[PDB]
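The block underneath contains the structure these notes are about, expressed in structure tokens.
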Amino acid sequence: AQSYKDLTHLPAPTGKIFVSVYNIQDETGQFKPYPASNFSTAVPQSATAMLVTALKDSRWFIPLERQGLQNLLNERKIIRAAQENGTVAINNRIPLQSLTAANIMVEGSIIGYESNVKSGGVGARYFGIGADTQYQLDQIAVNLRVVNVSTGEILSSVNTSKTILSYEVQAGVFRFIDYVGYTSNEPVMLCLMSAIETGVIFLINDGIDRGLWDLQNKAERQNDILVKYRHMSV
Amino acid sequence: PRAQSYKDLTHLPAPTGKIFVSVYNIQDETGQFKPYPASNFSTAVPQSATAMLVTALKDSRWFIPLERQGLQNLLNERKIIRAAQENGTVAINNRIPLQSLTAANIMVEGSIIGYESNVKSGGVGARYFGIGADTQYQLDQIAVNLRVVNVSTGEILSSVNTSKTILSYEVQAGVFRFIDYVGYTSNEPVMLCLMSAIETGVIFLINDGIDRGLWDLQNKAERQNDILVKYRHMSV
Amino acid sequence: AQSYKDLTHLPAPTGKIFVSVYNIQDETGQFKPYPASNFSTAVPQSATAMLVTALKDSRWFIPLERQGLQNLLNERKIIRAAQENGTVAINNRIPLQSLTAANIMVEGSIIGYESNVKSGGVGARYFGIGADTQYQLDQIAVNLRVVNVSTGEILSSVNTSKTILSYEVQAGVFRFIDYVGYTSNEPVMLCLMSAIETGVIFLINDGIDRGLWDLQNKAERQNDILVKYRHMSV
Amino acid sequence: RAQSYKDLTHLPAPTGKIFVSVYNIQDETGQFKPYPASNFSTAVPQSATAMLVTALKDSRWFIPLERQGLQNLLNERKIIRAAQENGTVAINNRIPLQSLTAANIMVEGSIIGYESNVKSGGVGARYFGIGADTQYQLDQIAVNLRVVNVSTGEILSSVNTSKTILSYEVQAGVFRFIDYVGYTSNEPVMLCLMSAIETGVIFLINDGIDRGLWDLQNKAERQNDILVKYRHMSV
Amino acid sequence: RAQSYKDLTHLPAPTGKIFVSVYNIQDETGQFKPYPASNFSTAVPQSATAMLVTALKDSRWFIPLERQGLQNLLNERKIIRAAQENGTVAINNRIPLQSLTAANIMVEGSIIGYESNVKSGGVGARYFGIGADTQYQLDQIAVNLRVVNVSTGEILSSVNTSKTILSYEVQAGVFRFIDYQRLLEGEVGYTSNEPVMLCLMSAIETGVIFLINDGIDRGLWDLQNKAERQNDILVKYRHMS
Amino acid sequence: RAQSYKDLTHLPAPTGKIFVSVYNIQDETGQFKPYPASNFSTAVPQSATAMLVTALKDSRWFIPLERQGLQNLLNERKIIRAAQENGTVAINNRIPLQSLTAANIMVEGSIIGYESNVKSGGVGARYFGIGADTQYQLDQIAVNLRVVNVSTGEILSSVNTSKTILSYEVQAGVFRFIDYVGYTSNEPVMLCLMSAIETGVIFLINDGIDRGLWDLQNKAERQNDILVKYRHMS
Amino acid sequence: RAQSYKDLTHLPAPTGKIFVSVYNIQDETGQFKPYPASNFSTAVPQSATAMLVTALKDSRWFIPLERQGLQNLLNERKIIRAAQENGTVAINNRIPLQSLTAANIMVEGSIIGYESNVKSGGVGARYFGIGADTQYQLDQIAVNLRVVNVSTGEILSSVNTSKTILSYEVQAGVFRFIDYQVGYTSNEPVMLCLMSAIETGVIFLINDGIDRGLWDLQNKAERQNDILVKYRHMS
Amino acid sequence: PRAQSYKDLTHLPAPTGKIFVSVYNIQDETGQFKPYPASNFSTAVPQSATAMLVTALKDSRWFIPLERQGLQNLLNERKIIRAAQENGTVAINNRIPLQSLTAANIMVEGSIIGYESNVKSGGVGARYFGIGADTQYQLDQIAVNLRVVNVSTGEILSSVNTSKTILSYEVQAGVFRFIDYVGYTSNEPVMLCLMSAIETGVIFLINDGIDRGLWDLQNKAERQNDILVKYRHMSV
């Protein structure tokens, strides 16, 4: 997808930013219609994992684990129990630091989702397909927030929407366009990822502008990708 | 392009100074879900009013929202910070100075108190949309209540109510025509509805606060600002 | 609507009354029938929000927030922590009083709800529509109680029933009859709201008669609205 | 208003009114409404407790103490005390606290059974006066009320009432009914629940007379028309 | 009123009424009503404990002690103590507290089975004297009552009852019924109560009589007149076991 | 009464009855009834535990100690002690407390399987001697009973029983049945559960005898008619 | 009884029986039965843990220690201690308490997958010997058994078994079956599947343990036993 | 036969020494269940990913997995042991020497992040499977995410994502022909998909770790290994 390429070729910052990752909540309230199970969610429930990946892939952030904090704490208990008596095989000693802290924490909401099946119309032209074949429209809105831990104020809050027309051309292969491409992943997931990745870039952009963080070369503020995504926020 | 509610909200007259306000949840108190063939669990209304409100309070240029949903998370992070620096070994460039959590005298809270949606044909919609009297458009109505509570006393200072009614139909794949009891939107209508209501509520809120002396304008004359009188009139 | 106009034009009391607002529980047990979701409630779940609005709008009461008492308390902790060390910017100082108390607390129940689709009969006659055209009947019963915090005894206990025949004439506009007028609100919404509004007035009347609270002008005990709602209460 | 209400509100007086604590009346019918109702729609309103509290008051025999929101009460009292302990509160805003009113008996109960069927013609049709094609409704609710001695925990009384109501709609939202003749604007099942609880309160008062828990002001009134009406009902 | 009630209300007297703690009778049938009922509609009423208490009282053998609402009781007693500890309460309003009454036995139970099917013709049609195409109902309930020794935790008594009732509606809200345990005797009764409830109640009332008999036979409690062990009702119910 | 019941109530006597604590028999079939039953109707009764207690009592080999309501018991004993500590209790109402009777063996169990199929013609039709289009049902239950040594926690015995019952209704509420012909007034699936549990208790008794967990009064009677009958069944 | 049970009950003996604490076997298939079953009817019986315990005993290799109901155990022991601490209990009623027996190993597991579909013809029709239009049933279950070292928390052994059973009914409640690599059973097929799988897992476990020196055979020569080598090859 | 992923996983080059890793759950975060006529409660994907991961980590010969799911059970058993020998009376042949629970510097965790399943006919399936264009095969797609966390600092060291797509159809009862974007399988296709994704996940993880200097190979000659290069190309 284009978002992944843009995300992976940003200009570099002075240094990577520590950030603690809390959840991206699904707040659409939406599930699939008949004949799905009543319990089948309309959107994957994996936004947080995607965010962690998107933050790392940006080359701008060091994500700190918080979802499984209790597990972390246990493991550290077990380490301490294994070395407090000074008998542990030295090749097996694990030096413990204090957990890395962060001044900002990142959180989010999937704020909306719409999906409908369509045929012909504008989609059929851009795809180069028959005016009777049925395609899909998937739209997701994501909100990402960065909170200041020192004060509890919101440092940054971007909103992204991605809308994707798609249709199956081969078993398990989809052609799609971002309001032209090939994808092997489900359209709805491509949408969720693309929205989250874009959100991270929006995030990085907003932070540069507000002096939360700066680029290695301030000259690189006018990088093609950065202005591309800066303009997607009007 | 973007709704009238957003435009009005983002061009309000300024307050003497921005007001800190703590935001807790906006509950969906409609009791409503989508009918067959929806999943029984599909909510009629989006479940993200709180995020929308935080964004709208910020966008008004009147408020600095303090997020409280993850207060418990915030507090843990501060524990983790203190534990990392109490021994004075942390790399000086990685030191995180802690202030006190910013406090607020007022707390804003709310409810989505009503929602109705039905599909319609002909009538006023058909005329204003300029469509066939057999062609179907949709009506979405959402009602929101916003309350301001005094943290020092616990008195409920303000309690405003807004209703937004939106007529819509899809004209192109993923594009909707709408009327606010004509515009175009790329967003699903029930969300356009909820957003407009929340944004309107924040404006109603600001007005009520001025009138009750909860907060004051920078320019005392601008009590007769076009936007403020517009929304003042929607409340009578 | 009539209830609202009347509620906002009550004669004034000697002084506004503090009251703690606790929930109005939905005790109908009722949800919407096919094709609604099984989980769709028959009645909105916002009676309490409406009570607070009605109490303030009566200009008789000062409602004290209790649903978010725990949040309140937290904010007060945060306030104290921010100023106990005396370093806070003097203009950023927030003086804390004790939470305002109340001798009475108001609570309630939605004790019954009926909703049915109908044709012909009285509706058709008064609405002036075909005996084949369909209207809705919505009926709600509400109970409001005022409790003495000092003794735990019930100070006042009023009951209201609102019955509304309605039908849609235009997209989103209903003509209704109160067992003719026009409303933009959903009928069940208007029914619940009207019952609660009427309830507060019933409450206020009962309170006057039982000496729980007094009017500035005792002569206005014969106010048009007050006697109107006194007549309904029998 | 129904006969039950009339009777309840015209009982002979007791020596002095009785404090009684009311905790919830549980729906123990296990019953919900059939298709096309939501699976979650209860057959019977979930508001019996509120109704009982009202009925206890209306009888003029009892002063009901509500306990459902006891924890809220307690909080309010915390807030009151915190507000005046430092003696700075304006004397006009001072709230004098008494001790919460206590009671020796606790009343509790269950809705123990419910049946509803749609009927056509038959016997009802005659007292209603219509053809074997019009459909009327039968609603039957059974309630149990218990009185508990708080001092000892003995269950002093356990009465049972059944109300059966035949009804059918004549006008939109207006019902004709017969109590195994009147008109009601209230939904029949709710008229039934209410009539059951009201009747129960009277069964309770009678049973208390008979067990020496309380007696009448005027001993002659021990064989009052209403009290005797409902005693015969209870056997 | 059912025969079970008549019999329960005319048992011979004991030396003294027996204190008993009443805990719940659990519905362990696992059964709900079929389409078109709500999935949540229970096949059997959920009110056996309320009925048990009434049956224990109506027997004139027991004094039931409240335990379902034990926590509420305790609260009320707190409130009481708080109201008179400062010695200012109006003397007419003073409430003397004893210790909660104890009991050496607790009674508990299970509804262990429930069967219901609609039938036509057959033996029912004969004994009811109705058309072989008219529909009647069969309801069967099984109840288990246990008496537990609180001093030792041993189970003192565990009786089992089944009541089977054929019924059909004859008038609006009036049912004619038969008690399969007397089917061939051809006696038919009328009831205003729903059949599954008459069934539940009749089983529970029978269980208590079974219970009183077992206790008599095992010396858990005694009759005033030892001679009255040969009372008609006691041998009637002694034989059903 | 069932063959199982006759056999259980006429076993050879043990040297003396055995105290055993009874904890639950869990329904571990995972099975509920099909359409048009309620989704919530269990396939099998939920009263196996009460049945076991009755069966253990009825064997004349065990004295079951009630543990399901252990917490209630303990409460009752608090209440007794509170009523007598002050030495004021009415002498005829005095309750002497012993210690709760203890037991060295715990009995517990699982219903591990259930099958129900309604059938037509075939072998059933022959043994019943009915029309070959008339429909009968097959019910099969598998039960597991375990005895645990409380001193050590070792599992002393683990027996498994399967009962399969063919039945069809011949009179209203009366069933003819066969255990791979008899009459029962009880529902076939209950007869199935009960019979399995009764057989289980006998199995248990045999295994205990064989392993020296407990002994019979006359050691020669190991060759009792009933004991060998059920011994051969496994 | 099936090939798995005969085999489990005729294994070569170990040096001595092994204590193992049994915690649950979780159903991790996520699977329930389709229409017209109740939505809540599980595809697979929920009794794997009871079955494992039975299998472990039946192997004559293990002594299972009950842990599912450990708190009940603990309560009963409290009651015993309470009954004899005051030295008055009748000596014949005295219960000597040891410490709960411990174990160096802990056995745990998961049912990790399940399939069921109905079929016609193919290998089944041949091994069953019926026409290619007559229908048989396929049930397949995958189980994972783990043995964990309590001293270190490392996983000591981890076997995986899949059993596939083709089946169809010939008489009411009697089935023809095949252990897809012919037999009779009175039990439901998915039952025989789970049980055969759990029994196979225990043998796989015993084998893996011998090979890794977790436990030893009486006679190391018996390493080439017919049953043991049979199960070595299926792994 | 057995999937290529398994074959590749079990023939990796050895690391300098095997690495202890603690494994907590792999959550199903697809939100997906089976459609009618399945039970509403039937999950689309097996709920046994964690067992499968533990199995995969062992099989790679790079890791020693420490299961933590029953940590509480473990701890209880150790209590029981200690209580059983603290009085020094236990039978010597039954004596159990307790070490400390083995610790690990890294902790592995993961999510099933996506799942789609469809029944299909004709197209590529009919061609490669060699079946009638009306004959039905199924498509299963699963996406897995594995994360490695530093237990000493809480930094998330690695987060790899894998997708497996499998076309399949049953050819004989309980035997499937399948294609991994022809082979035969006795196991169910959705399980084959989940297993293959997880195995691939582990190799991706090993690769990422080499790259980030978390670990290196025993034999320097093996730095450019065919299997390691194969699976790097699937990521890029």
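Every chain in the structure tokens takes a letter, A first, then B, and so on in the order presented; its residues are numbered from 1, and the ligands are numbered from 1 following the presented order.
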
Just list as a ChimeraX atom specification whatever in region 7-236 of chain E DSSP marks as alpha helix (DSSP H).
/E:7-8,48-58,70-84,122-128,195-217,232-236

Using only C-alpha atoms, find the residues of chain H whose closest atom to chain G is at most 8 Å away, then write them as a PyMOL selection string.
chain H and resi 36-48+51+55+64-67+73-74+77-78+80-81+83-84+96-102+172-174+188+191

Name the residues in contact with region 96-102 of chain D at a cut-off of 7 Å, using only C-alpha atoms, excluding same-chain residues fewer than 4 positions from it; report them as a count of residues only.
7

Once you count only C-alpha atoms, what closest atom pair and distance in Å to one decimal does each residue of chain B within 8 Å of chain C have, with rows by chain and rising residue number, as JSON lines?
```
{"residue": "B:24", "atom": "CA", "partner": "C:71", "partner_atom": "CA", "distance": 7.9}
{"residue": "B:29", "atom": "CA", "partner": "C:45", "partner_atom": "CA", "distance": 4.8}
{"residue": "B:30", "atom": "CA", "partner": "C:44", "partner_atom": "CA", "distance": 4.9}
{"residue": "B:31", "atom": "CA", "partner": "C:41", "partner_atom": "CA", "distance": 5.0}
{"residue": "B:32", "atom": "CA", "partner": "C:40", "partner_atom": "CA", "distance": 4.6}
{"residue": "B:33", "atom": "CA", "partner": "C:40", "partner_atom": "CA", "distance": 5.3}
{"residue": "B:34", "atom": "CA", "partner": "C:37", "partner_atom": "CA", "distance": 6.0}
{"residue": "B:35", "atom": "CA", "partner": "C:36", "partner_atom": "CA", "distance": 4.2}
{"residue": "B:36", "atom": "CA", "partner": "C:35", "partner_atom": "CA", "distance": 5.3}
{"residue": "B:38", "atom": "CA", "partner": "C:37", "partner_atom": "CA", "distance": 7.7}
{"residue": "B:39", "atom": "CA", "partner": "C:37", "partner_atom": "CA", "distance": 7.5}
{"residue": "B:40", "atom": "CA", "partner": "C:37", "partner_atom": "CA", "distance": 4.5}
{"residue": "B:41", "atom": "CA", "partner": "C:37", "partner_atom": "CA", "distance": 7.3}
{"residue": "B:100", "atom": "CA", "partner": "C:82", "partner_atom": "CA", "distance": 5.4}
{"residue": "B:101", "atom": "CA", "partner": "C:78", "partner_atom": "CA", "distance": 6.6}
{"residue": "B:102", "atom": "CA", "partner": "C:82", "partner_atom": "CA", "distance": 7.0}
{"residue": "B:103", "atom": "CA", "partner": "C:79", "partner_atom": "CA", "distance": 5.1}
{"residue": "B:104", "atom": "CA", "partner": "C:79", "partner_atom": "CA", "distance": 7.0}
{"residue": "B:105", "atom": "CA", "partner": "C:94", "partner_atom": "CA", "distance": 6.4}
{"residue": "B:107", "atom": "CA", "partner": "C:72", "partner_atom": "CA", "distance": 8.0}
{"residue": "B:111", "atom": "CA", "partner": "C:49", "partner_atom": "CA", "distance": 7.3}
{"residue": "B:112", "atom": "CA", "partner": "C:46", "partner_atom": "CA", "distance": 8.0}
{"residue": "B:113", "atom": "CA", "partner": "C:46", "partner_atom": "CA", "distance": 5.2}
{"residue": "B:114", "atom": "CA", "partner": "C:44", "partner_atom": "CA", "distance": 6.4}
{"residue": "B:116", "atom": "CA", "partner": "C:186", "partner_atom": "CA", "distance": 6.9}
{"residue": "B:120", "atom": "CA", "partner": "C:171", "partner_atom": "CA", "distance": 6.7}
{"residue": "B:123", "atom": "CA", "partner": "C:170", "partner_atom": "CA", "distance": 6.4}
{"residue": "B:124", "atom": "CA", "partner": "C:170", "partner_atom": "CA", "distance": 7.1}
{"residue": "B:125", "atom": "CA", "partner": "C:171", "partner_atom": "CA", "distance": 7.2}
{"residue": "B:139", "atom": "CA", "partner": "C:172", "partner_atom": "CA", "distance": 6.9}
{"residue": "B:145", "atom": "CA", "partner": "C:49", "partner_atom": "CA", "distance": 7.4}
{"residue": "B:149", "atom": "CA", "partner": "C:65", "partner_atom": "CA", "distance": 7.3}
{"residue": "B:151", "atom": "CA", "partner": "C:72", "partner_atom": "CA", "distance": 5.9}
{"residue": "B:152", "atom": "CA", "partner": "C:96", "partner_atom": "CA", "distance": 4.7}
{"residue": "B:153", "atom": "CA", "partner": "C:99", "partner_atom": "CA", "distance": 4.6}
{"residue": "B:154", "atom": "CA", "partner": "C:65", "partner_atom": "CA", "distance": 5.7}
{"residue": "B:155", "atom": "CA", "partner": "C:64", "partner_atom": "CA", "distance": 4.7}
{"residue": "B:156", "atom": "CA", "partner": "C:64", "partner_atom": "CA", "distance": 5.8}
{"residue": "B:159", "atom": "CA", "partner": "C:53", "partner_atom": "CA", "distance": 6.1}
{"residue": "B:160", "atom": "CA", "partner": "C:53", "partner_atom": "CA", "distance": 7.8}
{"residue": "B:165", "atom": "CA", "partner": "C:172", "partner_atom": "CA", "distance": 7.9}
```

Contacts from chain F to chain H, 12 Å maximum, only C-alpha atoms: show me the residue list as a ChimeraX atom specification.
/F:34,39,152-153
